[PDB]
Amino acid sequence: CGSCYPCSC
Ligand SMILES: [Cu+2]
């Protein structure tokens with residue numbers, strides 16, 4: 001990241 005921080009989405 002984003003919305004799923006930390007990722008992979
Ligand atoms: Cu992320």
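Counting starts with 1 at the first residue shown.
Method of determination (from the header): X-ray crystallography, 1.0 Å.
Quick reminder: no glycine exception, Cβ is built from N, Cα and C everywhere.
Taken from Swiss-Prot as is:
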| type | residues | note |
| --- | --- | --- |
| BINDING | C1, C7 | Cu(2+) binding site |
| DISULFID | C4-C9 | disulfide bond |
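Cβ environment of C9 (disulfide bond): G2, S3 lie under 8 Å away, each six or more residues apart in the same chain. The Cβ of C7 (Cu(2+) binding site) has 8 other Cβ atoms within 10 Å, all protein chains considered.
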